[PDB]
Every structure is written in structure tokens, then in C-alpha cells.
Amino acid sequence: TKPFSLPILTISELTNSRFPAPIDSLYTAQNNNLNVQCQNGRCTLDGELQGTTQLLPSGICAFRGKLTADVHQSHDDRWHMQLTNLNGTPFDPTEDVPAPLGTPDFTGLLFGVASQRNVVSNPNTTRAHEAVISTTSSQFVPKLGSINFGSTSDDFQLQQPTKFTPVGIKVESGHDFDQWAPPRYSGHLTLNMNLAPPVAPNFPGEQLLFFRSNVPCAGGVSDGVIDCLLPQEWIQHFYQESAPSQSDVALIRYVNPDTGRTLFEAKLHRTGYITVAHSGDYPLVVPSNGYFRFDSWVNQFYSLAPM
């Protein structure tokens, strides 16, 4: 009986589930048989988080732990960060997850700030400085329990609680940003495990619909595009509600509450993604006040009205 629903939230009240940023727009992409397999922002309609997904917006692309080595002699990313879980519990590499929850799920340079606060030696002395994590580095091995970051500052200490706060991406020669290629969580030559599955439209005339953000970039030419399948707020709502999925597809309608009219319809799939009936790359023209509403559960024969 318990009815499925979506939270009532406009575009400007939504957060990207793959990076801590407001959603800027909705976007549908032409089918180019690309492997869409992000690991953050993955959740079933009945509230089961998948991949590296966790509930905190503050946790997305963040790390926690401490520095155990300064390896400038052998690597440019000199600071070796031994990880814990974001809540501070010890990281268990035997957990059936691809990596610690919150780990970034794209290929490129993650720009942010690394900060420390000492606990015994010199209690409450602090520092923080810009830092860059390459998700493509040989030392990006979060599934093994560690990542490295580089920094222009020298002012970091070993064996002190450390946090990485993400801010944006960075583009430079030899480090192209690819939002659709997950990193190798256990390093080079090792395959990823426990991945949330690829998603694809498998109905004639349909395309994925994404919630798009343009995130900050610390130099380089980039539009900063990071597309997620579901807003973080939807994920948080599904986790709370745990409403049973009565079929594999929920029909949702985008509504303008002021005029009361439905602007278009879409399929929200049980495994946590959306398709629309459209052909071509297209940034959606929709009102500021509009939002999706659950309409009904539908079967495998249902065809969408063209959007």
C-alpha cells in the first residue's frame, strides 16, 4: 500500500549527488553507447544505496584519515593519506563496496583543501591548504586504504587527523577530465569490484535525463560539467521512505505548480535513473518553480509522450 513519492523541490533546491554543488539544469544526451556507470548518486527507488553512495552532501568526494608519509622523492603527489571512513571508523577493505563511501567516481584532478587539527601534540593547532588529488595517480588506491595529494604548501604534519574538503576540478595537460570513467579504486592493473551496475536506456526513442551541475575549476578550459542520475535529496528521501517499488518503472510528470499543468513525462526506473522520449542533446526548457511528481507505476509496454 505505502505510496512512493518524490520530495517537493525545485531545481535550485536540489544538490548534485556526485559533487557538492547545486543542480544548475536538466539535460538529456544522445545515445552514443557510452558506459554510464557512476558510483556516487546511486540508489534504488525503495531506498537501497549502491556503489560508493552515502547520505551526506558533505561526504561526496571527501576523505578523512591521517598522513603517514611524505614521499616527495618518489612522487609529485607527496602526501600519503591513510584513510578511515568519513564517520571516523576504521576502513575495512573487505567490505563489499568498490571503495570507501564518498570516494570520487570520475577520472581527473580533484581540487580542494586539506586541513589538520592536532589532538595531543600541540592540541588544537591547525593548518589548511589547497591540495589536489589525481584519481588517475598510481597512489590513488582508496580501496586499499589510501590516497595521495599534492600541494604547493609544505605545511603539513604526519600522524595528525587530516580532512580533504572538495571544492572543484582542475584541468591541465595530460589530465583531461572524464566524468564517465570511474577510477581504478585498487590501482593500476586491478579491476574494480562491487560496482553499481551500468545504466542505459533500453526502450526505442528514449535517452537518459541527468541533473547537471557546472562545478568550480582551478584553471584550464572546462565547463565543469558533472551529471548525476538522481539528486541527493531524492536519495535521502528514498532512504527514509523505503516505499516498495511495485514495478520496474515509475511514471513521473514535471509540473508547474502555479499554473497546475504538466510540462512533460519521464520514466523513473527502479534502480535509480530517469529516461525521456527525445532524440538529441538538449538542455531542458523548464520553469524555475517546476518539479517532478510521482504519477503511477507502469509496465514494460508503456510508451512516453515525446518530450
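Numbers follow the displayed sequence, beginning with 1.
For the pair 247 to 255 and 31 to 39, the mean Cα B-factor is higher in 31 to 39. Averaged over their C-alpha atoms, the temperature factors of 256 to 264 and 50 to 58 are higher for 256 to 264.
Of the candidates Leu86, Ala114, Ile147, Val225, the one whose C-alpha carries the top B factor in the deposited record is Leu86. Going by the entry's values, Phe91 shows the largest Cα B-factor out of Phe91, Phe210, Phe140, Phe164.
In the deposited entry, the Cα temperature factor of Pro22 places it in the lowest third of its chain's modelled residues. The deposited CA B-factor of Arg127 belongs to the middle third of values across its chain. Remark: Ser303 belongs to the middle third of its chain, ranked by C-alpha B-factor as recorded. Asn16: CA B factor in the lowest third of modelled residues in this chain (values from the PDB entry). For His188, the recorded CA temperature factor ranks within the highest third of the chain's modelled residues.
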